[PDB]
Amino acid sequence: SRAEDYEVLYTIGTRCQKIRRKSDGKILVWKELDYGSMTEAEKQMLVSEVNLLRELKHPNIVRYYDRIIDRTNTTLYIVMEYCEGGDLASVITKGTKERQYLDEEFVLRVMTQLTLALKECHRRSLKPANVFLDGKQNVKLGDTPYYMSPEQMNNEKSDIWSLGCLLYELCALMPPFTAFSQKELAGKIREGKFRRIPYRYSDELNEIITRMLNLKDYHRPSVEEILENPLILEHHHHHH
């Protein structure tokens, strides 16, 4: 419950740091938030926000472990699970640089496990840099507008559109809709046209990604219709 219980190993990004718990040596991360400039109105919005995050237990959602206070630093520490595979943005960037497309089995895993993550988020009522990989091929959802759906521009189905954009980009190594301006971008999104994902990928994968990118939210598949898809098999699910 105190910072003294953990030892910082190193900075991941800037603050995000990799840490080891002294009691058992568990590898975790935490996030540094300086609330030394927040109002009592912001710290109230911050406290409740975190306590909802505490409530989300699911194998495909990044797991929360602890929150720590240090009045002397005015620093809030949010302690979470470490995903050693990194984020998906980096996987995508890695693929452009080395001119190598991702396996369809990888894409099916992401599709399957992010859909179960969304299904859990919808019961309690999305971009490559917010999706993490652990050490066992599991996919975990954590936490210029390429993925903005037409409706959220003019709804659970809005998340299906974002999922659709994410999977497309894993396949094509670029988003479905690109532009140099916002109006140009919004132009292309509303027209709903894009290249087929590369031919190395099956017609069946292309079909479901294209369905998620439908202009009509009511034409996009639901979480349940996605998991019914013959492409999706037990081995694409999470495993301890």
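Numbers for residues come from their place in the sequence shown, where the first is 1. In this text, the rigid core denotes the largest set of C-alpha atoms whose superposition between the two forms falls within 1.5 Å.
- Remark: when the other structures in 9 other deposited structures of this protein are fitted onto this one via the rigid core, 5-13 deviates more than the alternative among 5-13 and 215-223, judged by RMS CA distance.
- Root mean square Cα distance to the shown form, taken over structures and residues in 9 other deposited structures of this protein after a core fit, is higher for 69-77 when 88-96 and 69-77 are compared.
- Where the other entries of this protein model the residues before and after it, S125 is dropped from at least a third of them.
- Unmodelled residues of the deposited sequence between neighbouring positions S125 and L126 number 10 or more.
- Per the record, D143 and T144 are separated by 10 or more deposited residues that are missing from the model.
- Higher average CA B factor: 30-38, of the stretches 168-176 and 30-38.
- The question of which stretch, 112-120 or 81-89, has the higher mean Cα B factor is settled in favour of 81-89.
- Looking only at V62, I69, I197, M212, the residue with the top Cα B factor in the deposited structure is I69.
- Looking at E151, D134, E104, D159, the one whose CA carries the top B-factor in the deposited record is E151.
- Residue-level temperature factors show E49 in the highest third of its chain, judged at the C-alpha atom.
- Ranked by Cα temperature factor within the chain, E55 sits in the highest third according to the deposited record.
- Annotation for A129: C-alpha temperature factor in the middle third relative to the rest of the modelled chain, per the entry.
- Among all modelled residues in this chain, the alpha-carbon of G13 has a temperature factor (C-alpha) in the highest third.
- For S222, the recorded CA temperature factor ranks within the middle third of the chain's modelled residues.
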